[PDB]
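Peer 1: First, the structure itself, so that you have it in front of you.
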Amino acid sequence: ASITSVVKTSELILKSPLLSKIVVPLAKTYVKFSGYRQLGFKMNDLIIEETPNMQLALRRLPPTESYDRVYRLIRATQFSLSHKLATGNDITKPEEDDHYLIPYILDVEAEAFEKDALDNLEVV
Amino acid sequence: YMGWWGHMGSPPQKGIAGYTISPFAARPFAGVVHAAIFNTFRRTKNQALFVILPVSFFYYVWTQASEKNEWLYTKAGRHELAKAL
Amino acid sequence: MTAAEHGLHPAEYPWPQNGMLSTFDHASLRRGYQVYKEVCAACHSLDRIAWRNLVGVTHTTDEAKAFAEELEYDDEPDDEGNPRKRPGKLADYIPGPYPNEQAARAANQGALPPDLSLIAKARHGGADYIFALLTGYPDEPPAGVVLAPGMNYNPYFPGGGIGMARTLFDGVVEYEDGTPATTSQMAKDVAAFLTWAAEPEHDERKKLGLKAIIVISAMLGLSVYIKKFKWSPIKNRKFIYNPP
Amino acid sequence: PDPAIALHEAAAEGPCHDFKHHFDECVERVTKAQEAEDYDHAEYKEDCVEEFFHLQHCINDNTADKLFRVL
Amino acid sequence: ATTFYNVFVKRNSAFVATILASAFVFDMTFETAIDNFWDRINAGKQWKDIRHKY
Amino acid sequence: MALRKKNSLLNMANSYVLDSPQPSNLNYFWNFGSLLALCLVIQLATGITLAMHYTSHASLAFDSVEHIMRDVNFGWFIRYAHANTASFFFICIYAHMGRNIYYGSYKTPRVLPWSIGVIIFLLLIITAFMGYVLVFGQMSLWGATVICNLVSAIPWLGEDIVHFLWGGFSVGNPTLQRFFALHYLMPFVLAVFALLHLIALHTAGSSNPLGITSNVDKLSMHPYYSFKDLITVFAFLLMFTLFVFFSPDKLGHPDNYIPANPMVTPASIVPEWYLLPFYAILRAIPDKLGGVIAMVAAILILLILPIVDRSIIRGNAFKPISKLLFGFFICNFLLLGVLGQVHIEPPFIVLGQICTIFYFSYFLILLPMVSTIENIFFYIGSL
Amino acid sequence: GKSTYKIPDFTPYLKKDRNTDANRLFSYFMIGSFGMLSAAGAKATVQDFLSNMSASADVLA
Amino acid sequence: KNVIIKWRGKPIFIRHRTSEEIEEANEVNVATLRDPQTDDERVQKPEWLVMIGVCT
Ligand code: HEC
Ligand code: HEM
Ligand code: HEM
Ligand SMILES: CCCCCCCCCCCCO[C@@H]1O[C@H](CO)[C@@H](O[C@H]2O[C@H](CO)[C@@H](O)[C@H](O)[C@H]2O)[C@H](O)[C@H]1O
Ligand SMILES: CCCCCCCCCCCCO[C@@H]1O[C@H](CO)[C@@H](O[C@H]2O[C@H](CO)[C@@H](O)[C@H](O)[C@H]2O)[C@H](O)[C@H]1O
């Protein structure tokens, strides 16, 4: 699934009062049980990157965001191989779990999908 | 999606200092007893439900099925077997 | 299936050979050969076993040669190409009671007595099944069982009706070592002997397995030390990050 | 004589008495039912194999180790 | 320890020669030890134990 | 430049076993690949040695196996090693495939090694099935008969194909001799496909338990994974030893010690344990052709995991609902195995059908739904 | 946290006698024992296995 | 009398049926038969019941 899809569906839910009232609390518990914050990851660090679109989005990250992402991946890998969890400042707090990558991938995909549409235009 | 040593395909790395010590300088089993007890307990506790729930469910299903099958092929289960076929 | 269609499951008896480190009792093997020879061999062959196989397991070279030499086996034809017989040798296989299946069935009311060389491996239960079967003929079949003609009731046999009648009775054999030949004793000995016949490598195999277990365990322990030793620089690695 | 005979008798009268009585009662029923006429033209003819199995399984559990100890 | 290191361990040729010689010794001694232990735990049962009657 | 890099032959070995850059955090479930290589090496060595003593003619086959057990020096060990390692091969392959499914090893960019892997699994099944027939005991014969008659379901030509496979009108000497020749060949084909799936993998490298790139942090295959592989090799050899020396027939069927007899039918004809789930799936569909298709589909459906998994994240380490669903899928697969060897009786007939529906609905319904919902929960939950 | 000249704490793992011959010799004793059992295990394996090719019992008979 | 001939490993029952046996078989109403068939469908010659002698 494309990030575009995920973002749009999420926005439909967040709009509906009823839907958000039931989905937002579930989503928050899901994230707590997921436990990626206990390895010092931010959610967007987990997104599959071995695709042309994602490689392009990562190249567009500002250098500081890019250097910080590299450190979180190395740090999480070291926790994984040691069978330890983050403690203290290494644990990602909910306020630090920012969607640093989502805007870049949404722009990459916007163009990719417009190109697909326009490749199929029919002069009327 | 993977290069080779010297051009592995990592984004540029900067600002990380890494440190380690020789295998001859280190105690390989340092903290082994703490790990074996407390670390294993933590890791097992956090995964226990994902094993217990499906195993317990499917064991119960099997147990019920096997006990019914056994009962249908006794004298007492004659009538219920006749209907089941 | 009905329990009767399966057959009653034999008890787990404590055989001498049960036990990771335990061999057969060779005195029981020898006595079991004597039960085979005097009782079973009337109807059952042991075609996979040669006289040389007994040597240094149950019998000395001389005893086994004497058993072989008492029998006649087909030789190569003579010079006019006429058939000839020779006395047996240690390389010869123990000869069976019947020339073909048709003869075997004719002597056993239609049933064919199986060859017993693999019977301990060819039946669920092994020695326990053989012991249970031979000692498990009730005097009277449970009320309501209708046996087919030429059948005998035995609960261990699937379906209950076996074409083999009870054959072991107190004192049918006189053991050469002075052991009382009760039904139970003879069944135990012959079951042990048949287990040996099915798996004659048993004693050697379990001793080699003990050596392998010891070496492999030591190698496992050392491989853990060595893995931890080599991995410690990776496990112990530390980072200081100063964001550029 | 055969040690098993004594051991089996003792186990039937002792730890396996409930099963012994079940088998006995079954036998009584079946024999009586066979005695009655138009038994040969009955749909269901009961046997006592089940009860027999329960008893033998019980005897074997209480005897197997004892028997091999005296051989 | 220095002496032992210098003679048997420092040169890999010497290390491998020591390992192979030790493996040879281990193999011969372990064989004999297991044979005796096996004979003791299975005493009176093996052919070698009853052979004298025949 | 070092010789291991400069010389083209040495450099190929170097690239796979020495300088190969690995993630630094592979856990012990990444050790099944080298266990499978070990099983393949044991099966080649024991199998070629058995072929030096085995006779494929139906009049001599079963007896040649008894000659191996009784007369050939260490023949019992070589035979038991070969028969038990066939079971260990399947335990390791199910573990390796389970690792791959849990950690998302089938996702891009590793669709090709996964797809070739599915063919490896089919070749292992064929190889093992033919090898089992070679004993020519009762299970050998009757298993060959029942499994080969599934081909009769192919419309129009099915019967003709079966007679062609058998080389006659029933399983007999022609069938046994051809199964010997193919059983000897198929492991070599299997080794080639195993090599192909590794060369395909080498473009992305190994995945890792966190599901992220490891391009940031690589470790040489040697010495790290060489020495970590030795631990599981010795653990495997301990399990091998316990079966081969102390319980060599625990995984087998006693009926295979009775010589094949086309007249007497065994009480129950079942495949070896590792085929049992597929047999339960076949029984679930009442139609003959239906059943065969379902059984084949149960393996080929693995090829759609790259499509039906809609997750934006690789693998289950951080997905609690996917982990629960995976747990149920695995236990259901084990229950299907058990149901493959029960008698066709109530209530196991219906249970087998419900388990079969669950098996397929994992791929077609549940994994696409759950992976869609978890995408939304990760996004909303971290806003 | 900031200075890279302040080495992180390795005291939980560091051996005091790390530069001694005794220290190295111990680790080589473990490696050597492992190599010794692997050599003895390989020899046993190869000998028992290859013996299948020597005349079988029926041939020797 | 009934013979048993092996043919493709399967047993073949060959019975030489008497007149009254044929009659006995031709009686049962086809209606009440799990597998509804009359002897004429089965045999090509009333005196030679030839069948594959494995229970269905
Ligand atoms: C005079 C006939 C006869 C004697 C004596 C005899 N048997 Fe049998 N045995 C048979 C026949 C016939 C069968 C086949 C029974 C059947 O399949 O219905 C048989 C079957 C067996 C079976 C296999 C039952 C099965 O599970 O298929 C075993 C084991 C057996 N005998 C062992 C023995 C042993 C041990 C002895 C004596 C120490 C013995 N027999 C003595 C005639 C004999
Ligand atoms: C993936 C590799 C292999 C697998 C999974 C495999 C599997 C099997 C299996 C299950 C059997 C039945 C064993 C028994 O119960 O007795 C068997 C028998 C046999 N296999 Fe293999 N085998 C493989 C490789 C080989 C190879 C390469 C050969 C070379 C000829 C071979 C030769 C034999 C022989 C001769 C037998 C029959 C004798 C016997 O049963 O032991 N196998 N194989
Ligand atoms: C003879 C059988 C096989 C052998 C020897 C084998 C060997 C290996 C090895 C050595 C690796 C790299 C190390 C590891 O991850 O364990 C590997 C990776 C892989 N194998 Fe297999 N394999 C076999 C069968 C299969 C099968 C049946 C599948 C799939 C259905 C499969 C799919 C894969 C995949 C996807 C990977 C990459 C996993 C990753 O590292 O993320 N293999 N295999
Ligand atoms: C697994 C057993 C060991 C035997 C090796 C397996 C045989 C398969 C090897 C033939 C396949 C060709 O394998 C291919 O080799 C070249 C060099 O050798 C590798 O190339 C890799 O290493 C070399 C240097 O080590 C670099 O020049 C290159 O940039 C890098 O990608 C490929 O990544 C690999 O896919
Ligand atoms: C490059 C490698 C060099 C060539 C390899 C040599 C091939 C064959 C060499 C010897 C094989 C037979 O060598 C012989 O082996 C068997 C074990 O296998 C030994 O036999 C010993 O153990 C076996 C079981 O382990 C017992 O059955 C036997 O009673 C006992 O004496 C003999 O003591 C030895 O003489």
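For neighbour counting, all protein chains shown are included, and Cβ atoms are generated from backbone atoms with ideal geometry for every residue, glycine included. All of this is worked out from the model, or read from it or from the source named; none is laboratory data.
Peer 1: Every residue in the stretch C:134-148 that is surrounded by fewer than 23 Cβ atoms within 10 Å (Cβ to Cβ) and outside any loop (DSSP other than H, G, I, E, B), please.
Peer 2: none
Peer 1: Quick one: how many residues across the stretch F:117-144 are assigned to a helix (DSSP H, G or I), within 13 Å of F:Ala58 (Cα to Cα), within 14 Å of another protein chain (Cβ to nearest Cβ) and more than 16 Å from ligand 1 (Cβ to nearest atom)?
Peer 2: Within the stretch F:117-144, residues that are assigned to a helix (DSSP H, G or I), within 13 Å of F:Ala58 (Cα to Cα), within 14 Å of another protein chain (Cβ to nearest Cβ) and more than 16 Å from ligand 1 (Cβ to nearest atom) number 2.
Peer 1: If you don't mind, there's one more thing I want to ask. Out of the residues in the stretch A:60-110 that are of a type in the set (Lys, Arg) and outside any helix (DSSP H, G or I), which is nearest to the other protein chains (Cβ to nearest Cβ)?
Peer 2: Result: A:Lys84.
Peer 1: Here is a follow-up. Output yes when any residue across the stretch F:187-199 is buried (at least 17 other Cβ atoms within 10 Å of the Cβ) and more than 30 Å from F:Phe164 (Cβ to Cβ), and no when none is.
Peer 2: The answer is yes; a qualifying residue exists.
Peer 1: Here's a follow-up. When you scan the stretch F:163-174, do you find a residue that is crowded, with 20+ Cβ neighbours inside 10 Å and either touching a strand residue (DSSP E or B) at 6+ places or on another chain (Cβ under 7 Å) or outside any helix (DSSP H, G or I) (or both), even just one?
Peer 2: Yes, the stretch F:163-174 contains at least one residue that is crowded, with 20+ Cβ neighbours inside 10 Å and either touching a strand residue (DSSP E or B) at 6+ places or on another chain (Cβ under 7 Å) or outside any helix (DSSP H, G or I) (or both).
Peer 1: Among the listed residues C:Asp177, C:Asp170, which satisfies the condition of being assigned by CATH to the domain that holds C:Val35, part of a loop (DSSP other than H, G, I, E, B) and either within 16 Å of ligand 2 (Cβ to nearest atom) or within 20 Å of C:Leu54 (Cα to Cα) (or both)?
Peer 2: C:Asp177
Peer 1: Could I ask something else about it? Specify which of the listed residues (F:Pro174, F:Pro209, F:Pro187) is over 27 Å from F:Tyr94 (Cα atoms), out of contact with any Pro (no Cβ under 7 Å at 6 or more places or on another chain), away from ligand 1 (no atom under 16 Å from the Cβ) and not basic (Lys, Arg).
Peer 2: After applying the criteria, what remains is F:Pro174.
Peer 1: Are there any pairs with C-beta distances below 6 angstrom linking a residue in the stretch C:120-148 that is free of Cβ contacts under 8 Å to residues at least 60 places away in the same chain to a residue that is more than 10 Å from ligand 1 (Cβ to nearest atom) and in a loop (DSSP other than H, G, I, E, B), with the two at least 6 apart or on different chains, and if so which?
Peer 2: C:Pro142/D:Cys48; C:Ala143/D:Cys48; C:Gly144/D:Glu46; C:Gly144/D:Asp47; C:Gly144/D:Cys48; C:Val145/D:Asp47
Peer 1: Separate question: Report, by residue number, each residue of the stretch F:335-346 that is surrounded by 16 or more Cβ atoms within 10 Å (Cβ to Cβ) and either in a helix (DSSP H, G or I) or facing another protein chain (nearest Cβ under 9 Å) (or both).
Peer 2: Scanning the stretch F:335-346 gives F:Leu335, F:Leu336, F:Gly337, F:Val338, F:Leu339, F:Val342, F:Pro346.
Peer 1: I want to confirm something. Restricting to the stretch E:28-52 and keeping residues that are assigned to a loop (DSSP other than H, G, I, E, B) and either in contact (Cβ under 8 Å) with a residue 40 or more places away in the chain or over 20 Å from C:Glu201 (Cβ atoms) (or both), which single residue is farthest from the other protein chains (Cβ to nearest Cβ)?
Peer 2: E:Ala43
Peer 1: Could you pull out every one of the helices (runs of 4 or more DSSP H) wholly within the stretch F:1-63 that has 2 or more residues that are more than 9 Å from ligand 2 (Cβ to nearest atom) and surrounded by 20 or more Cβ atoms within 10 Å (Cβ to Cβ)?
Peer 2: F:32-51
Peer 1: Please work out if B:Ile52 is over 21 Å from C:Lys235 (Cβ atoms) and either exposed (fewer than 14 other Cβ atoms within 10 Å of the Cβ) or of a type in the set (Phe, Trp, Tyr) (or both).
Peer 2: So B:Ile52 passes the test.
Peer 1: On the given criteria, is F:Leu26 more than 14 Å from chain A (Cβ to nearest Cβ) and away from ligand 1 (no atom under 16 Å from the Cβ)?
Peer 2: Against the criterion (more than 14 Å from chain A (Cβ to nearest Cβ) and away from ligand 1 (no atom under 16 Å from the Cβ)), F:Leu26 does not qualify.
Peer 1: Residue under question is C:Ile240, and the condition is that it be away from chain F (no Cβ under 14 Å), of a type in the set (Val, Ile, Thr) and over 30 Å from D:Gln56 (Cβ atoms); does it hold?
Peer 2: Against the criterion (away from chain F (no Cβ under 14 Å), of a type in the set (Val, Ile, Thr) and over 30 Å from D:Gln56 (Cβ atoms)), C:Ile240 qualifies.
Peer 1: Please verify whether C:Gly209 is within 14 Å of chain F (Cβ to nearest Cβ), touching a residue at least 40 places away in the same chain (Cβ under 8 Å) and not in a loop (DSSP other than H, G, I, E, B), treating the condition exactly as stated.
Peer 2: Against the criterion (within 14 Å of chain F (Cβ to nearest Cβ), touching a residue at least 40 places away in the same chain (Cβ under 8 Å) and not in a loop (DSSP other than H, G, I, E, B)), C:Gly209 qualifies.
Peer 1: Same structure again: Go through (1) at the interface with another protein chain (Cβ under 7 Å from one of its Cβ atoms); (2) out of contact with any helix residue (DSSP H, G or I) (no Cβ under 8 Å at 6 or more places or on another chain); (3) not small (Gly, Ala, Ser) one by one and return the number of the condition B:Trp62 breaks.
Peer 2: (2)
Peer 1: Something else now. May I ask you to say which residue of F:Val233, F:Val244, F:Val216, F:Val270 is at negative phi, within 16 Å of ligand 5 (Cβ to nearest atom) and either in a loop (DSSP other than H, G, I, E, B) or within 10 Å of chain C (Cβ to nearest Cβ) (or both)?
Peer 2: Residue meeting the stated conditions: F:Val244.
Peer 1: Restricting the first residue to the stretch D:43-61 and requiring it to be at the interface with chain C (Cβ under 7 Å from one of its Cβ atoms) and surrounded by 22 or more Cβ atoms within 10 Å (Cβ to Cβ), which pairs with a second residue that is among the charged types (D, E, K, R) and part of a helix (DSSP H, G or I) meet a Cβ separation below 9 Å and a spacing of at least six or different chains?
Peer 2: D:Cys48/D:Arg29
Peer 1: I would also like to ask the following. Scan the stretch B:65-75 for residues that are within 17 Å of F:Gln353 (Cα to Cα) and more than 7 Å from chain F (Cβ to nearest Cβ) and jot them down.
Peer 2: B:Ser66
Peer 1: Given the criterion more than 22 Å from the chain's Cα centre (by Cα) and within 7 Å of another protein chain (Cβ to nearest Cβ), identify the matching residue among G:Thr11, G:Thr4.
Peer 2: G:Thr4
Peer 1: Please name all residue pairs, on different chains or six or more residues apart, with Cβ atoms under 8 Å, provided the first residue is in the stretch C:8-25 and is within 7 Å of another protein chain (Cβ to nearest Cβ) and under 16 Å from C:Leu134 (Cβ atoms) and the second residue is of a type outside the set (A, V, I, L, M, F, W, C) and outside any loop (DSSP other than H, G, I, E, B).
Peer 2: Qualifying pairs under 8 Å: C:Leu8/D:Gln56; C:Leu8/D:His57; C:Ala11/C:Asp128; C:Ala11/D:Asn60; C:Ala11/D:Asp61; C:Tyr13/C:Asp128; C:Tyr13/C:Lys188; C:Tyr13/D:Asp65.
Peer 1: Kindly indicate whether C:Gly161 is within 30 Å of F:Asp249 (Cα to Cα) and either in the same structural domain as C:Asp47 (by CATH) or within 22 Å of the chain's Cα centre (by Cα) (or both). Please lay out each step first, then the result.
Peer 2: Working: within 30 Å of F:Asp249 (Cα to Cα): yes; either in the same structural domain as C:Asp47 (by CATH) or within 22 Å of the chain's Cα centre (by Cα) (or both): yes.
In short, yes.
Peer 1: Here's a follow-up. Would it be correct to say that G:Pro8 is touching a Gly at 6+ places or on another chain (Cβ under 9 Å) and either part of a helix (DSSP H, G or I) or over 30 Å from C:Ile214 (Cβ atoms) (or both)?
Peer 2: For G:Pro8, the condition - touching a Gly at 6+ places or on another chain (Cβ under 9 Å) and either part of a helix (DSSP H, G or I) or over 30 Å from C:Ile214 (Cβ atoms) (or both) - is not met.
Peer 1: Which one is farthest from B:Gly15 (Cα to Cα), of the residues in the stretch A:45-59 that are more than 9 Å from chain F (Cβ to nearest Cβ) and touching a residue at least 24 places away in the same chain (Cβ under 8 Å)?
Peer 2: Filtering first and then ranking leaves A:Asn53.
Peer 1: Within the stretch C:172-198, work out how many residues are under 11 Å from C:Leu134 (Cβ atoms), of a type in the set (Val, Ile, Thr) and at the interface with another protein chain (Cβ under 9 Å from one of its Cβ atoms).
Peer 2: 1
Peer 1: Take C:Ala3 and decide whether it is under 30 Å from D:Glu50 (Cβ atoms), within 14 Å of chain D (Cβ to nearest Cβ), more than 16 Å from ligand 5 (Cβ to nearest atom) and more than 15 Å from the chain's Cα centre (by Cα).
Peer 2: Against the criterion (under 30 Å from D:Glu50 (Cβ atoms), within 14 Å of chain D (Cβ to nearest Cβ), more than 16 Å from ligand 5 (Cβ to nearest atom) and more than 15 Å from the chain's Cα centre (by Cα)), C:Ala3 qualifies.
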